[PDB]
Every structure is written in C-alpha cells, then in structure tokens.
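Cβ placement follows ideal geometry from the backbone for every residue including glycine, while neighbour counts extend to all protein chains displayed. No value in this document is a laboratory result; all are computed from the given coordinates.
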Amino acid sequence: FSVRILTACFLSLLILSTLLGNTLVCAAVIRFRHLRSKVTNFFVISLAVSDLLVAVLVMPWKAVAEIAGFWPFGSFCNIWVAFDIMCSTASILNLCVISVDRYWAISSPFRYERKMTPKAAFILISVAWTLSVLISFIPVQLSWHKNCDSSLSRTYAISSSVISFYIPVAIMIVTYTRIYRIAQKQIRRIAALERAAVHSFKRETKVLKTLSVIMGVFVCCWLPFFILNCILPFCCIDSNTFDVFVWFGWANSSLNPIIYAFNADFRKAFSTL
Amino acid sequence: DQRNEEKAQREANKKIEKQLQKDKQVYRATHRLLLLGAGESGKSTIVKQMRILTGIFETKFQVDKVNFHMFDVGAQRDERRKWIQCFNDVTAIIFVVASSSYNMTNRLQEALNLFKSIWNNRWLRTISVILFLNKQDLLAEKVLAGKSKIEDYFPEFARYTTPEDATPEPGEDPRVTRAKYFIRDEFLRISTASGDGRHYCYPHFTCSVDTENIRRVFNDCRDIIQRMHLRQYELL
Amino acid sequence: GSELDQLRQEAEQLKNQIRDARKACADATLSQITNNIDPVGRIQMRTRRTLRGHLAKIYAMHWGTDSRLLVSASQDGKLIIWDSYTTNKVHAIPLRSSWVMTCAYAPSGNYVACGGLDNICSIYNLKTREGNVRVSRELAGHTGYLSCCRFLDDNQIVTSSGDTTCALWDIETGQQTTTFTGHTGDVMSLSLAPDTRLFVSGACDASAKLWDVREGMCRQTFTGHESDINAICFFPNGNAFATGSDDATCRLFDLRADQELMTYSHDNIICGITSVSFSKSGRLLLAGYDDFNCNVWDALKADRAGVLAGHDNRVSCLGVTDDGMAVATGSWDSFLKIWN
Amino acid sequence: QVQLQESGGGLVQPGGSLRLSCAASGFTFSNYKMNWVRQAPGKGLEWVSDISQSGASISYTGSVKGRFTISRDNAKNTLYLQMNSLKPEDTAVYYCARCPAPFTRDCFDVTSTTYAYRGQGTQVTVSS
Amino acid sequence: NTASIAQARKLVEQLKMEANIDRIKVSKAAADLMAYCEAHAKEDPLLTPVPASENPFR
Ligand SMILES: CC(C)CCC[C@@H](C)[C@H]1CC[C@H]2[C@@H]3CC=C4C[C@@H](O)CC[C@]4(C)[C@H]3CC[C@]12C
Ligand SMILES: NC[C@@H]1O[C@H]([C@]23C[C@H]4C[C@H](C[C@H](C4)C2)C3)Cc2c1ccc(O)c2O
C-alpha cells in the first residue's frame, strides 16, 4: 500500500486516458457527420468503439485486480478472460483492416472506391468482429485453455495468436511495405518535379516517420507481449513481466487514438470538443 | 392527420434515400475532370479522342471500369473567377495548354496566369491540375525554323538547360525538348510556390499523335487519388 | 471627331453628378440613430434540423411561401426538395446537367428551377398527376452560366447569367420577353421585392443594379462596393437590400436613397461573403461567409450579433423562410443546417 | 464607384523611359492584388505584371521581365509602373486592373474587354 | 470600335436615366428601416426567442 500506490495511479491514469480518447472519438463521430460519411473512417470508428469496449470491461478489472493482488468475481473470471481476448483480437483485427483498406486505397484507388463501398466496409467490420467472436467466446465455452490463474494451452494459444495477431500483423507489415514501395515512388515523382522547378529525400523521411509512428509503436507493444504469450504454455518468463507486457499492449490502445485521428478533420473535431 | 399522410411521405423519403445511397457508389466511383484552356489550345482534339464517341459541353467515357466526366467550358465567357469555384469537388483540372500558341498574342503567358490563379485559388487549392502541353507537333517546327521562339516571351529560356529527366524520341531535336521542358518547369515553377501538399501538378505532352490520350489521363488520375489519400492519411 | 473620349468624359461627369447628389442627400447616416434602437445581443442559434442526404456540395437553395419545403441542388446532377419540418426528402430530381449553380422555389409551390454552367434553366413541376417528376420546361437562350434565378410567379421567372444579360423567361412560351442588359460583370445573384414589381441583381462589377420587370429598364444602380457581389437579398420592407461581396463587407443599399446605408465589415473577417438573407423583420442579417461559418449581423447596430458553428467547408447557399421561421444554411459539405 | 485613373502615356522613343501612375479610388487599395495588363492593337490582352497586397510577391511577364517595375503605395493608394528600354512591340493600350478577391494570390483579370475593375487604359505609343 | 461606342452610349443613357430620379434623404431611409424593424420585431421568430411548442423545429 506504499509502493503499489504509484503503479495504481499510473494504471488509473492510463485507463482514464483510454476512456477519454475513445469517448472523444465516439462523440466526434456521432455528432459530426463529416467523419462517419467516408468509407475509410468506418474501420477507424470500429477501432475506436473496440477501444472503448476494452476500456470498460477489460483494463479496469485487470487494474482493480493488480492494485490489491486479489481478484473479485471468481465465477466471472472465465467470461472476463473471454472479454479480454475478444477486445484485444478485435483491436488487432481493426488495425489490420485499416492497414489493408489503406493499402487498397493507395495501390488501386479507383477499384477501392468502386468496390469498398460503405456496405463493403460494413462487411469487413462484421467479418473482423465475427472472427473475434469465434476466436474468443467459442473457446472459453469449451475450455480450450489449460484465483483463476492465467494459463492457456500449448495448442490453442499459438493458433489464437496466429489467427488473431500473427496473420493480422503480417498483413499489416506487407501492406505497409507495399504502401512504402508506392509512397516512395510518389515521393520520387514529386521530387522529379520539385527539384526540376528550382533548377531529394527531404520529403521521403516524413512518410517513413509516419509509417514508424503508426506501425512500430504497434509492433513494439503487442508483439513483445505475444512473443511471450505464445511461449508461456510451452514452458521463459515470470509473473512480474507478463502482466506489464500485456499492459504495454493495452497502452498501445491508449496511443491508438493519436495514431488514426492525427488528420486535420479529426484534429478540429477534437479541438472543438 | 398525424400519420395518415406522413407515413406515405416517410416511405417516399426512404425510397429517395435508397436511390441516393445507390447513386452514391456510381458518383464517388466517378472521377470528374475539369477541362479548360486559354483559347483554341487544342482542347477540341482532346475531347474528340475520348472513347471514339445544346452544343458540346460535357462528354463522358470509361476506362478500366472507371467512368470519368470531362466537362468542357468552350462556351462560357472569358471570366473564370466565378464558375470555376464550382469545380472544388472535381478530382482534377485538366489544363490543355497549347505550347505553340505563344505566337498568336502571347497566349502562353495567359495560360501561365490562368494556371497560377487556379493554383492559388482558395477553393482549387485541394484540386490537382493535369497539365496538358497540347500542340507539340506545331511547336517543334516553330522552334526549329525560327518562326516562333520562346525567348521572345521568356528571358529565362536563355538561362535554362534540359534537366536529367528528358524524354527523347526518334526524329526530335534537343532544342525542341529543351523548350518543352522549359515550358513544363515554368508551369512547375508555380506548382512549388505554395507547396501546401494538398494538390500537385502533372505535366504531359500530347497532340503529337492521335493515339489514346485517355491512358495518360487514367494513369494520371490514379496517382492523383493516390497522393490525395496519402495526404489524407499523412503518409506523404 | 473625338467621340469616344468625350463620351467617356460625359459618363465620368454624370457619375460624379450621381455621387455628389447622393452626398447631397447623405446629410446623416443610419449610425446616427444608434442611441435610439437597442441591440439584440449574442443570440445562440442551434441547429434544429440537419439535411444529411446530399452527395455533392449544396450550391444553391430557396425556400417556399409555405415555409415548409426547401430546394437544394448539388454538383452530382441532383436536386433534392426536403420537408424541413420532418427532415424528409419529398422530391429528388436528377438534373440533366451535373454542375448547377441556381435554385428557385415558386411562390405557389409548384415549379422548381435549376441550372448552372449548362447555359439552360430546367423548370420542373411537382404537383403533376403523372406521378414522377420530369422536365417541364427548358430555357436555352443564355451564353453564360446561370448563377442565380428567382421565380416571380407560376408564369415568369427572372434568371441571372454569365454574359451580363438577366432574362425574364416565361414558362408558357419559353422565350425571353425582356432582357436586362447594362451590367459590366457577370451577374452572381438576384433577389425579388415582396411586391414583385421590381427586382435587384448583384453582379461582379461591384455595382448592384435594380431593374423593373414590367418595362425591363435599369431603375437604379449602386457602385458603392469593392468586389464581386456574390449574393443579394431584398429587405422585407421592399425599400432596401443587402449585398454580400468578396471584400468581406456586407453593404446595405436603399432604393429611394440610391446609396449605401451601412457596411457590416469587421477586421476579424478576411474572407468574402457567399450568401446574404434578411430575417422576417430584416433587423437580423444571415451572412454566409467563406470562413466556414455563418454570421448573424444586426442591420441597425452594424455589428455581428453572433457566429454559428457547424459547417467545416464554405457555406454557399442560405435561405430564410417567408415568415422568418428557420434559416437554412447549406455549405460545400453536403450539409444543410436548419437554424432557428 | 471602383474607379482607376491611369495618368501618363504618350509618344515614346524606342529605348526610353516611361512612368504610369494608376490612382485607384473606391476601395481599400492596401488589400487587393493590382495588376497591369497590356493589349496590342489587333490582338488580345496580354498580362504584363502584378503585385501582392503589400509588395512581396512581385511578378512580371516574360516580355517585360527585368525592364518594367511595378510598385504599390498604400499611403496614397497608387500603383506606379516604370517602363525602361522600350521596344516597338511594347506599344499597346495599358489597363491597371484589380482582381476582386482580397487576401489572396489568384487573379482572373487576364480576360478580354468589358472587365469589372479595369480603367480605359493609356495608349502607350512607341515612336520611330 | 463601334461596339465600344454603342456600349458607351448605353452607359451614358443609363446614367441620364439615373440622374432624373427622386432621391429621398438617407435619414428618412434609416427611419423607414427602423420603423419596419420595430413594426415586425415582436413578430419575428428569429429576432425574439420562440418557444419550443410554437416552433415546428424543436
Ligand atoms: C461485447 C460486444 C458484443 C459489443 C460490441 C458490439 C460491436 C459489434 C459494435 C459496438 C459499437 C459498434 C459500432 C458503433 C458505430 C459505428 C459507426 C457506424 O457508422 C457503422 C457501424 C459502427 C462501426 C458500429 C459497428 C458495430 C460495433 C463495433
Ligand atoms: N490482451 C491480450 C489478450 O489476453 C489474453 C490473456 C489470456 C490468459 C488470461 C488473461 C491474461 C493472459 C493469459 C492473456 C488474458 C490472451 C490473448 C489476448 C489476445 C489475443 C490472443 O490470441 C490471446 O491469446
């Protein structure tokens, strides 16, 4: 009650920041229709509502369990773990669908606007959410994992991390490395006109910096957690590092509203409210 | 009374909403293209070679399942300060400029001023300009035979050299390419004056042959929407 | 011998005569009664209804006499007629031309006008027993874009143009009975007086011209502006009218005074006015600027009573009902904020 | 009334010097992008030069770049244009026009006659 | 040059027509303005706050 109060305050500030940011995004979307009208922002608001749902029934309970060491709702621990898995895989699938939508809008923008209609965006969001459901709520009803100590099975945890993070993170990486192969071409075509009008890589670093702030900060809070989550049932790690490495991924949820709302429209919608 | 006629009105409104949400797909998938010029700048040869198919105001076509909309303004008056403000939802302003019409009048400087006004426009600031250096065949013989020279209306042409991104063709003179690229960079000199990132210029050299000029517009609008989405997502 | 220069000199002398005659009757100003009339204050207007169904930018709008249905056209070839009471799209006419700039609701509520860079005015009928709406009349006599148009009645409609020739078309014959020639710059907007006997038109020549529809001549001219008069609006009394231009100054002129009354300018405004409309009493003035915000100004205190939130793009069209019930502002974001 | 009186002009020897003074009354001269445009007898109008609201972004046409000099004075609301090293092609009717949009950098005054804000112009004639 | 002559003729004719008009004082113009305002002030729904019951938009 003397040293744990510091991390208690830190985690309370973290969950309050998640709640504030996600409620701000939701209020900017439900009130200002200049954001929920474009197809590319449907996945953004899906990520935002998943980030709100992970801040109401996932991180507050983990924090209230970690501050005192005990854990209430003994019978509800299974459904709580199911909610954590669901929210995390939904956030990862929303990140992946945003990445693939941006890749489709950068590679083939005409086919993107012709095929990825708002109905197609709804289809993609529903597919992601149903995948989250079948990967979280289905295994817990059959007890596919093996106080309610946190310990999954060696056969199910790896498959859940593959179909939940590894395949989505691989799609994200390949899309952002194919976007960069197109963004760099666009930067070179811009330079071929800029340097010719005044007759290099000065602008080629801004795209690298934005790809960094949108992808590396995601793969440095979830992947360092998953590399231990997949090896935990196979063994490695201890109880003092895994519980903070998962909080790193949950703070990636705090940093997400700054990632996909840094645009001018979202900035004005946040400044006005 | 309260719902005897309001229910039919709500049903009609729902039908209209369905029609509008069905039209939204074919509208947003349609990329309009504003086509204008300083005068007799070869825009007729551009609109004539469009899919090989009350005067001549707007012609539509479709390539790679992408229907475009090319609106010609070859009938409005010379004052463009008002109706051009309507072209802020357009995806690209195809500027068909005759690089050889500088002899007859100095129409090249008028086209330069029109491009500058389109660039520095408060509403066209987010709209790219597909620069079309039309009438290229009539420019080569002009700059070669001395009938029409760039230096009469441009002093910087004497202090300009061909950059490293030249595109030579069989049967072309290096002086012709030098003048063409000088006109391109003079058009590009205004494209980098503001540099707001919301829109960029795209020079092209057409009217030399009667080939498919719609490919140079499709592959251009492709990169246009690419860079638009990049600036929107801040990946540019 | 020397006719052009002497004619220009005579025109300049007559302009100076008009100027110092206006100054002779300018022994006072509207600000000389600022101590008699009380201001309105910072009245907060909230968006009651929002017509979020448009696809392209809402360029032009016009209310009706019933103050219930409102028209609004966009560049996607669509023109939607909404019921502002229940937020219901009563009509949706796909216009034959995509780019359109004008809108006009008939005072009887039957005819609806559109038009734009297509040089034609498409009059549609709503109360037809045939069911769906079709093109009732096409007017093709202009060599310039149709910036604005206004219906006098179910028979005639006066339309601006881009070639300085406002035309009074008749729906029965589809031919210009008169023509309001005399403008220098393309006419950007026009408004009708309550008595409908005379109408004003604001052009880009910084000189709003007031004509009459019975004889077709130029009754009055006002050159007190500094830029293109983007919009005009007759006062509900029929003796004055406000003009919103690109110079960020809304100028109030009077027909009988033949001069300007007030300049609703402000140092915190660098963008030009796009739309202007008076209230029912005319004391309030809704001005849609280019700063993505609509300003309620006072016609007497000569100060901005308030600024409205909402639109993020340029507010192009603005319309106040005939009874001044609810002002509707349509911007370039396909939104129609119906204030109150 | 937006009036622009351009004093100056007359007969000029080839290679001399000339000064036109455009006094613009009826608006706030310190807020618009004024511009001089020439029109040759028998040909259309030619954009000569323009100046910013304060005098920063000064630009000329390729025919007068380096010879002409445009300067705006807000204390007197005047536009001074100096021609140096006259040529037999520079003879034309000069108009001191104003483009309507303020606080901006765009202007659409390169159009033909019957312009909104454009004086009668001066017939700058180059002698022999 | 005949077109410019005709345009100047129409302009000077319009100026002559503008000269011989009856111009009232601007004081009476502002008086009529404020009179119409005070006559339609209490009836304007935009000027005075309209209650939600009597307003068909709230
Ligand atoms: C615990 C679980 C079951 C609750 C969460 C349910 C999910 C499916 C709900 C919660 C919030 C919802 C989102 C809220 C808002 C919008 C914006 C709208 O324009 C499209 C649908 C979309 C994107 C919704 C999709 C479905 C959604 C993500
Ligand atoms: N926040 C990440 C989420 O957490 C759960 C889990 C499961 C066990 C009980 C709780 C504590 C430990 C151990 C983590 C919650 C595991 C998991 C998650 C997301 C995707 C997956 O594929 C996955 O397996």
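Listed from fewest to most Cβ neighbours within 10 Å, the set A:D243, A:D265 follows the order A:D243, A:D265. At most 15 other Cβ atoms within 10 Å and a DSSP loop assignment: could you name the GluC sites (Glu not before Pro) in region B:135-167 that fit? Here the sparse-neighbourhood loop sites are B:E164. For region C:107-190, the list of GluC sites (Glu not before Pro) that fall in a loop by DSSP and count at most 14 other C-beta atoms within 10 angstrom reads C:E130, C:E172.
Here C:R8 and C:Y85 are evaluated by their C-beta separation; at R0 = 60 Å the FRET efficiency comes out at 0.60. Inter-chain Cβ neighbour count for C:68-76, averaged per residue, equals 2 (cutoff 10 Å, partner chain atoms only). Sorting D:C107, A:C26, A:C236 from the fewest to the most surrounding beta carbons within 10 angstrom yields A:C236, A:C26, D:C107. Taking 7 Å along the Cα-to-C-beta vector as the label spot, tell me the A:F137-A:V56 distance in nanometres, rounded to one decimal. Once both label points are built, they end up 1.5 nm from each other. The reciprocal of the average 1/r between distinct C-alpha atoms defines the Kirkwood hydrodynamic radius, which for chain A equals 20.2 Å. Nearest 10 degrees, 0 to 90: what angle lies between the long axis of helix E:26-40 and the longest principal axis of chain E (Cα atoms)? It is inclined by approximately 30 degrees. With the simple model of a label 7 Å out from the Cα in the direction of the Cβ, E:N55 to B:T54 spans 4.8 nm. Length gained on full extension, C:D38 to C:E130: 27.8 nm, using 0.36 nm per residue less the C-alpha separation. Among rounded, prolate and oblate, which fits chain C when a ≥ b ≥ c are the square roots of the eigenvalues of its C-alpha gyration tensor, a/c under 1.5 means rounded, and a/b larger than b/c means prolate? Since a/c reaches 1.5 but b/c is at least a/b, the shape of chain C is classed as oblate.
Straight Cα distances below 18 angstrom link C:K337 to the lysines C:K57, C:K89, with same-chain residues fewer than 8 positions distant left out.
Distance between the pseudo-spin-label points of A:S200 and C:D195 (7 Å out from Cα toward the beta carbon): 7.7 nm. Please find the FRET efficiency linking A:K185 to B:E40, where r is the Cβ-Cβ separation and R0 is fixed at 41 Å, and quote it to the nearest 0.05. So the FRET efficiency works out to roughly 0.70. Find how many whole Å separate the alpha carbon centroid of region C:215-258 from the alpha carbon centroid of region C:289-335. Using only Cα atoms, the two centres lie 18 Å from each other.
Diagonalising the gyration tensor over the Cα atoms of the protein assembly as shown and scaling each eigenvalue by 5 before taking the square root yields semi-axes of 55, 39, 26 Å, largest first. Number of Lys-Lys pairs in chain A with C-alpha atoms under 28 Å apart and a separation of 8 or more places or on different chains: 15.
3J(HN,Hα) along region C:206-211, derived from phi through the Karplus expression 6.51 cos²θ - 1.76 cosθ + 1.60 where θ = phi - 60°, amounts to 6, 9, 5, 10, 9, 10 Hz, with x in place of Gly and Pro. Ordered by the count of other Cβ atoms within 10 Å of each Cβ, fewest first, B:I56, B:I127 give B:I56, B:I127.
With a Förster radius of 60 Å applied to the beta-carbon distance between E:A39 and A:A8, the computed FRET efficiency rounds to 0.30. Remark: chain C carries a charge dipole of roughly 1240 debye about the Cα centre, counting +1 on each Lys and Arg Cβ and -1 on each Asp and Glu Cβ.
How much of the DSSP bridge set in chain D is antiparallel, in percent, rounded to the nearest 5? Show your work: numbers first, answer last.
Details: 35 of 37 bridges.
Roughly 95 percent of the DSSP beta bridges within chain D come out antiparallel.
Among the trypsin sites (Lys or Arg not before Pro) in region C:155-258, those located in a DSSP loop and surrounded by at most 16 other Cβ atoms within 10 Å of their own Cβ are C:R197, C:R214.
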